[PDB]
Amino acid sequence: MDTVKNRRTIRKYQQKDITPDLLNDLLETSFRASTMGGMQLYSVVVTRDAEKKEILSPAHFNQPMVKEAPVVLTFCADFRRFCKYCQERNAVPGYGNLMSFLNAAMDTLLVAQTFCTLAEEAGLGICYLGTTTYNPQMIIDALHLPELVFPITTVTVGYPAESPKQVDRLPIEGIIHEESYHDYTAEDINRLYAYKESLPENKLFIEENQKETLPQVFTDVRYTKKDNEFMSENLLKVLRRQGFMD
């Protein structure tokens, strides 16, 4: 609770390695997270080797965390293992479909976040890389992920070599809805985002992108319609490649 209240994403890491015992203890416990049908529809590829990080780094747009973190974890949706189990038990699996993908993805994210929460409680810094679903084929290729296996997210982990100011969050009245969804009026939006907009960090972000409003940075530079649409089609292509759709 104190750890979560005070958490922040860490992108700069010490030279200190994460012992296999610590890492496996964290992972093993993270595997205690809820799982559809007790099935554990995930795999975690652990990348420690410098040469291997070198190869994954372009998949993640060369974010320095990949090469600088002692450990890089690729959390993967995985129905392959369960299907192999089915195949060894005279069972016909029907999990090469989007619903199963989503099911496995949820299982995977639950594990990833439990890991992150436990890693942080242990004094480690973590960073999710969203680039995982931008370049899934590069990750599939790098990590030799076979059919019914799909990388969902990637976390970089190490002992913190920075202590950044915590980023803002919206007032909870903007996120929580009592009994039904209460749509946002312009007045709601202006109230909810007033504080975010007052922060020098966000004002700089607007100015250094030559925008007038904070949302324009997100729409025009960070997460554009063009890219989102390209990535949506790519996602379908890579989902089909991995057997999660026809």
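Position 1 is the first residue in the sequence shown; the rest follow in order.
Could you settle it for me: does 26-34 or 200-208 have the higher average Cα B factor in the PDB entry?
Per the PDB record, 200-208.
Would 86-94 or 161-169 have the larger average of its C-alpha temperature factors, as given in the entry?
Between 161-169 and 86-94, it is 161-169 that shows the higher mean C-alpha B-factor.
Third of chain Cα B-factors occupied by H60
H60: CA B-factor falls in the middle third of its chain.
Would you please rank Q15 by its C-alpha temperature factor against the other modelled residues of its chain and give the third it falls in: lowest, middle or highest?
It falls in the top third of the chain.
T219 by Cα B-factor - lowest, middle or highest third of the modelled chain:
Its C-alpha B-factor, which the entry lists for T219, ranks in the middle third among residues of this chain.
Is the Cα B-factor recorded for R80 in the lowest, middle or highest third of its chain?
It belongs to the lowest third of the chain when residues are ordered by C-alpha B-factor.
Is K52 in the lowest, middle or highest third of its chain when residues are ranked by C-alpha B-factor?
Answer is middle: the recorded C-alpha B-factor places it there.
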